[PDB]
Structure formats: structure tokens, C-alpha cells
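When we follow PDB author numbering, the leftmost residue of the sequence shown carries the number 4, and every step to the right adds one. Just so you know, even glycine gets a beta-carbon here, dropped at the ideal spot from N, CA and C. Working notes for the structure below.
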Amino acid sequence: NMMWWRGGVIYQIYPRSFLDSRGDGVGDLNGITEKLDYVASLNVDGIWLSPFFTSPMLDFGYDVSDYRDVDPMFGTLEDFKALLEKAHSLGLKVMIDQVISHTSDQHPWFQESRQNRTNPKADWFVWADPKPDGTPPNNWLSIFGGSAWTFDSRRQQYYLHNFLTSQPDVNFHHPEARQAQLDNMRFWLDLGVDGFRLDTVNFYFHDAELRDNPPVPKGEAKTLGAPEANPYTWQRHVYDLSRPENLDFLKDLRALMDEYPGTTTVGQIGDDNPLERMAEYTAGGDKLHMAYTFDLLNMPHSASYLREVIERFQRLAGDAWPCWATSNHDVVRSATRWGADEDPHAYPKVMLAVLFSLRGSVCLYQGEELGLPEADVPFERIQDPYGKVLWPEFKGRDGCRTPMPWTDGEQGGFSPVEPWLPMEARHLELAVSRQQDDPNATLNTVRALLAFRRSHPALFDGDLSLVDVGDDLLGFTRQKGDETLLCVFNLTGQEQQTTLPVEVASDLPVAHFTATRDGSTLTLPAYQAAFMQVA
Ligand SMILES: OC[C@H]1O[C@H](O[C@H]2[C@H](O)[C@@H](O)[C@@H](O)O[C@@H]2CO)[C@H](O)[C@@H](O)[C@@H]1O
Ligand SMILES: [Mg+2]
């Protein structure tokens, strides 16, 4: 089945916070290998591993110094091969992150590049002369704070970095660099991986003319890939990323992926118009297989908003394929980000039902199946550098990166010592051991939802058609050939009622969800979901 990815569910693993098996407080590959049975018990189709490659860990993995090796803190290449084999033996696909838009400054490429203007790798990165007054070439801002340019005295030149200063951006306008990254991907492809999560996929190319970005009109909706307090949201990003040439490169990338049947790619979109960019990137069947945005990774979460997102995406290319995610290593956990003012146990269930019922692929973040809320990390335990620039208006991403609670024992059974990030007390209450045999628990709801999803083709890659179910409900039909399912969701803490826009043949029960269908009237209690078979 070469089309497993088109509708499949992927479980994201953040290597540093999954399981420590070496007793150093940091998660490693062998721990993941140890918990692959649990992962498979989740009824997911595969996994996505955040960067485990050689890195100074300034951005904790996303600042790579060696693309073709495992950082000794996570383990070895052989350990990864073992992980891959065990995951394959359990029927799990293995996707790994690929951070090719920027390297660490400790990467040999940049170490050679920064020496002068004539060295073999001088144009592998984005270098530019200062303005006559000595200031950066343009008004481009780094997401992690300050200018996107940093002066280097060896070359008398600013280098570009959309993120950390220790994360210089790769110059994709230089062909040999692009090809170098392609080969770096071919390495892992030859190892036998099942796919790649493409980090900052729309960031690859920049405007070679280094043109200034226009400011954002005051009172307009800021970009969804950054907090409000970030000055990065003050300007419209048109020249610093999302260049036309990128499309071409995508094709190239796709071609590489096409050399290995069964493989797939999911790109991370960070753009002013994310749905349009995703649809543009995943259409044609000759570029990205799929991609995800920040549309479901932000604050709005009502049925009206979800309807708006779906409508906005359906406006675009019909041959595009979205991947939907409500949580990851960059945002506040959905149980808190979306359901802070909702029921702690009831809301995540129906939210996950919605996520699993959307047309497209799914990214399920580690712990989200347990309904884990965001952890409040104290200032002296902050690890993420992004949490030290906008404090206290923005405290970084460490809250969603606290270690996985396997038991309610010491350190959640994550480590025999104090972990790199502290263990959340609330997470101990929602630990796997406490949750493994609880029928009312979120974990079993996830298992049942995914099993139910697996048993219905319409819920894999069927068409989605919105129906009028009212303001405070989310209703649509999923249709694939023989099957047509009516899906209605109540995301509120109140009982909702509606008249069925279509006629129903039967009810489809799943995971203790309860709704009453009397005549033409469907009634859903708080945080309940209703699946039905359309006549
Ligand atoms: O590797 C740097 C950074 O990139 C990714 O996230 C970015 C995203 O691409 C941007 O659009 C924007 O939203 O900033 C994000 C980081 O806050 C990675 O997912 C992230 O882990 C990494 O730090
Ligand atoms: Mg370890």
C-alpha cells in the first residue's frame, strides 16, 4: 500500500522527553525503541521523530552539525537502525525530521564558509555586505529575536538567520547546496526510513535582491506561527521566505522521494497565508505529499472557526492534501491551548474525535492521547532560548516539552534522576499506568477512535461536505464509494440540538460517546460526538 500516508495517522515523538534509558535525565533512542509497543498499541500508522542528529542542542536538535549521524546524547546510528527495525516489525512507519533550511554554526559547511569570500563554501550560506551605515542589509527579523542578520568580522559581512544566530540559513540559490541537502536526505532514505517531516519547508529560498518587507496594517490578524508579543508579526513576510523558486525545488525533492516507493513527506508551513501555501505545496502530485499549518495550532477553536478553516481550504486546489495537527513541540498543548476553559477529561476526547474525523492526514503529539495539559516551567528551569527573549509575555515552548509520564512513580518513571525538564505533577495523575486499564480514560478513547477510524474507508480519505448543523455544532459528511457517514460534533460544555440535514439509516457507536436521535432531531450532550450512516 503505497498510499498509506494519504490519510494515515502519525505519532510525533520528541526524543528528549519520551524515555531516558541511560540515567542521564535526557530521553534517548533506545527508550523510544522500548516504548514502540505502546506506540503501536495506540493504533497509529507510524511515527515522526524530532531531530536526533548531531547537534550543540542550542535549539535542541534543530541546529544540526552533522546530517548523517546520531548525536551521542540520543545514542548511535546502530541504535536508530534497531529502532527502525522494531518499529517496522510492529507495522509502524518511521518518519524523521529534516532540517535542511539551516545548519548549526558549528557545522563544517559554515565553519568553512565564514572564513572568507573565496573558500569553496562561501556561497553555501546567505552573506551580504552591510549598509553604508553598517546596519543589516534589510529589515528582516529573526523569529527568535533581533535582526535576521548577524555580522561576521572575518568576511566583513552579515549572514542570514531566520532563527538563532547559531542557525545560519542555507543559500538555496546555490545549486550545489540544494544537491548536498538532497544527498543528505538520500542517506536516510537508503537507510530505509519511511518518510520525512520537512522543517520550515517554505523557508528554503529567499529574495536574492534582499528587498525589505512591508509592514502589517495595524489591526490586522497577525501571523499564526508566532506569539503576539513578537515583533516578527509586525511585518508581512514575502521576501524572506516563500519564494517561487521553492516550488521548483519541491519538485526536485519529490523526485528523490519518488525513487523510493512508499515514502512520504510532510512539510511544516510558516506563512502569512498558511492554507494557500499548504494547498500550493501539496498540489500537482509532483511536490509535497502533505503539509501542516498553524491554523489548528493557535487560539481559535470553536465550531465556527473550524468551519471557516475547512471552507478556506476547500476554496483552494482539490488535489491538495492536508495534514492536521492540534499539538506539537512548538505550541501550548491543545488540552490547555484549546480546552483550558473546558472539561479537563471530556473536551480532549471530542477534540481528538474532530481531529481524527477531518479530511486528511493526522499528526498526534506525544502525551496528547493522555490529555496532558501545558506544564508551567519556572524561570530557573527554562531550557528553550525562545523562552528567554519575550519573558514573561511569552515563556517559550518548554511547557509542551516536559518528559512523558509513564508511571505515577518518581519522575513519572521517565528517568532515575532529575530530567532535563521538570516532571509535571498533573501529568503523574494522567500517567500511562493509571490510564492503561481505565475505560473512561482518554487513552482508550484514542485507541477506540483510531480503531473505529480504521474500520471506515470514508474516514481514511473520503470526501468532506459541510452540512448545516447550527452555530454551536460541527457537522459534515465523509464519503468514499460505498460509504457515506454523517459526523456531528459538540465542542461546547452545553447540550446542543439540531435537525438532521440528511436522512440517517443507522447509528455508529464509538468510545462511550452518547447522542440521542429522535425523529428528525439529533441531541448531543456536552462534549459528545455522533457518527451515523447516511441513507
Ligand atoms: O528550526 C527552527 C524552528 O523551526 C520550526 O518552527 C518554526 C516555524 O518553522 C516558523 O514558521 C515559526 O513558527 O517559528 C517556529 C519555531 O518557533 C521547528 O518546528 C522548531 O522546532 C524550530 O525551533
Ligand atoms: Mg538518556
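(request) Report back the beta-carbon spacing between residue 54 and residue 65 to the nearest angstrom; my notes put them in contact at under 8 Å. (result) 6 Å
(message) In the DSSP output, what is residue 486 paired with across the bridge?
(response) 483
(message) Quick check: the Cα distance between residue 46 and residue 462, rounded to an integer number of angstroms?
(response) 15 Å
(request) With a threshold of 7 Å, establish whether the CB of residue 31 neighbours any heavy atom of ligand 2. (result) Yes; taking the cut-off as 7 Å, the Cβ of residue 31 has a heavy atom of ligand 2 nearer than that.
(request) Have a look at the DSSP bridge pairing and note the partners of residue 94. (result) Looking at the DSSP assignment, residue 94 forms no beta bridge with any residue, so it has no partner.
(message) Check whether the region 139–153 and the region 74–91 are in contact - that is, three or more C-beta pairs closer than 8 Å.
(response) no
(request) Might you give, ordered along the chain, the residues of its own chain that have their beta carbon closer than 8 Å to the beta carbon of residue 470, omitting 5 neighbours on each side? (result) 478, 479, 480, 489, 504, 505
(message) As an exercise, report each continuous alpha helix (DSSP H) stretch of at least 4 residues that is fully enclosed by the region 216–281, in chain order.
(response) 247–261
(request) Compare the beta carbon distance of residue 297 and residue 399 with 8 Å and say whether it is the shorter of the two. (result) no
(message) According to DSSP, simplified to helix, strand and coil, what is residue 338?
(response) helix
(request) Write down the C-beta distance between residue 10 and residue 464 rounded to the nearest angstrom, noting that I regard them as a contact closer than 8 Å. (result) Sure, about 4 Å apart at Cβ, within 8 Å.
(message) Between the region 361–372 and the region 9–23, can you find at least three pairs of beta-carbon atoms closer than 8 Å?
(response) yes
(request) Have a look at 320, 271, 322 and flag the residue whose alpha-carbon is nearest the alpha-carbon of residue 299. (result) It is 271.
(request) Return the CA-CA distance between residue 73 and residue 79, expressed in angstroms with no decimal places. (result) 5 Å
(message) Considering Cα atoms alone, identify which of 412, 244, 170 is closest to residue 61.
(response) When C-alpha distances from residue 61 are compared across 412, 244, 170, the shortest belongs to 170.
(message) Given the structure, does residue 228 come close to ligand 1, in the sense that its CB is under 7 Å from one of the ligand's heavy atoms?
(response) yes
(request) Could you name the residues of the same chain whose beta carbon sits closer than 8 Å to that of residue 295, not counting the 5 residues immediately before and after it, in chain order? (result) The answer, listed in chain order, is 269, 270, 271, 272, 281, 325, 326, 327, 328, 366.
(message) Can you tell me whether residue 81 is buried or exposed? The criterion is at least 16 other CB atoms within 10 Å of its CB, across all chains shown.
(response) Result: exposed.
(message) For residue 571 and residue 198, which I take to be in contact (beta-carbon distance under 8 Å), what is that distance rounded to the nearest angstrom?
(response) Missing from the structure shown is residue 571; the chain here goes from 4 to 538 and no further.
(request) Could you name the residues that DSSP lists as bridge partners for residue 44? (result) Note: residue 44 sits in no beta bridge, so no partner.
(request) Count the other C-beta atoms from every protein chain shown that fall within 10 angstroms of the C-beta of residue 579, then say buried if there are 16 or more, exposed otherwise. (result) An answer regarding residue 579 cannot be provided, because it is not within the stretch 4 to 538 covered by the chain.
(request) Let me know the secondary structure DSSP gives residue 111 once reduced to three states. (result) helix
(message) Just to confirm, is the Cβ distance from residue 433 to residue 374 under 8 Å?
(response) yes
(message) Which complete alpha helix (DSSP H) runs does the region 126–207 hold, if anything under 4 residues is left out?
(response) 178–194
(request) May I ask you to report which of helix, strand or coil DSSP gives residue 357? (result) helix
(request) State the CB to CB distance for the pair residue 216 and residue 242, rounded to an integer number of angstroms; the pair is presumed to be in contact (CB under 8 Å). (result) Under the criterion of beta carbons closer than 8 Å, residue 216 and residue 242 qualify as touching, at roughly 6 Å.
(request) Taking 8 Å as the threshold, find out whether the region 375–383 comes into contact with the region 332–339 through three or more Cβ pairs. (result) yes
(message) With three or more C-beta pairs closer than 8 Å as the rule, is the region 30–37 touching the region 435–446?
(response) Short answer: they don't touch.
(message) As an exercise, report each continuous alpha helix (DSSP H) stretch of at least 4 residues that is fully enclosed by the region 5–71, in chain order.
(response) 32–44
(message) In the DSSP output, which residue or residues are listed as bridge partners for residue 105?
(response) 172
(message) Here's the rule: buried if 16 or more other CB atoms are within 10 angstroms of the residue's CB, otherwise exposed. What is residue 152?
(response) Burial check for residue 152: the Cβ neighbour count within 10 Å reaches 16 or more, so the residue is buried.
(request) For residue 62, verify whether its CB is less than 7 Å away from any heavy atom of ligand 1. (result) Yes, Cβ of residue 62 sits closer than 7 Å to a heavy atom of ligand 1.
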